[PDB]
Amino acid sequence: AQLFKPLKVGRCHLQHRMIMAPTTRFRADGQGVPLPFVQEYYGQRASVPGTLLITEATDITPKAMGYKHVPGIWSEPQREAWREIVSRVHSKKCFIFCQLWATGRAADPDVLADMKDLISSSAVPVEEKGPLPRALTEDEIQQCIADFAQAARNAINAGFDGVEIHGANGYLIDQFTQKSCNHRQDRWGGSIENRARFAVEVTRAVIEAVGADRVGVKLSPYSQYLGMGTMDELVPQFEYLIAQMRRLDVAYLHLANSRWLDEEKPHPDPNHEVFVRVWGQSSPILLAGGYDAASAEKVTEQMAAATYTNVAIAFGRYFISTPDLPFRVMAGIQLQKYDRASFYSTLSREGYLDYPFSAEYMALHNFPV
């Protein structure tokens, strides 16, 4: 199976193409430091050598943090906690990218030090008022771009194999890409190229920091989560941005389906064919959102037959429920049914560390360490 073939992504020689998608689980402390057992969570999911894992979204600066109990990577205590997580993954011969974000208008205003700190590309709330975000100034944009680069340096210094730039799901970068939020009249909004500029410049600064082979970029072009996915020129806007990502030669593009607002409207393009076409055949593409063992297999096989041979699939919910997911899929073992109780848990070991391995995997584990 194509899905089981080794694939080089960035500097990492992956041994199969099933990826742990970035998933926020709120197991960080009030200082943004991952809890001491976060290392066992990622270690569990480093089940099979040559797996790539992508971390939960990680904050870049204390001012940009939008939630409590999510991790950052600006402070020394955070960076040391992540070094230990990354060490555990590498000890199991797996690879890990740190996903970097800022929440912008989707931050929890109760968590911000000042109401001034709720920022976006423009003063457009997610819901009809809705506390109003403040439009970033030119200098604040420049500062945010440098903060992403410095976070990327911190990540690479903690040992991460790479960073993913969180350009999706209506968070701050996507708030610049999409006209349903960005109504700026300066060079950061007001046309397809101008709206794309924020994502292009964050990407360029992170590339200068760590090199294109340690940077992936996530987008969710069709997603309607958090006020996105409604602009009239949605397709052209992302065709343009993905052409620029391809020109910048990033290690991978990651495209994900999210929450679709009306289930009676069919989705236009479940496997993102329209965008994969612009990205091209040569560089790895990660697809996420709604896949299972059979559909991950089918889409990778059929894309390969269509010349798109460099496709990986990332799983969020099944990697939560199934720590040995790639082992299971390769051995024809059923993935663990996931449950909403665990998705909506916070802080505890319960609903986090306590999904079992397959009995099969346990059978091979029957030895003294």
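Residue numbers here begin at 1 and follow the sequence given.
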Stretch with the higher entry mean CA B-factor, where the candidates are 328 to 336 and 60 to 68: 60 to 68
Mean C-alpha B-factor comparison - 266 to 274 and 105 to 113, higher one: 105 to 113
Maximum C-alpha temperature factor, selected from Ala81, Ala243, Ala251, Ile173: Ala81
Candidate residues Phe238, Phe95, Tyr225, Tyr222, the one whose C-alpha B factor the record puts highest: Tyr225
Chain thirds of CA B-factor: placement of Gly130: highest
Lowest, middle or highest third - CA B-factor, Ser348: highest
Chain thirds of CA B-factor: placement of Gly211: middle
Modelled-residue ranking by C-alpha temperature factor, third containing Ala305: highest
Chain-relative CA temperature factor third for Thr55: lowest
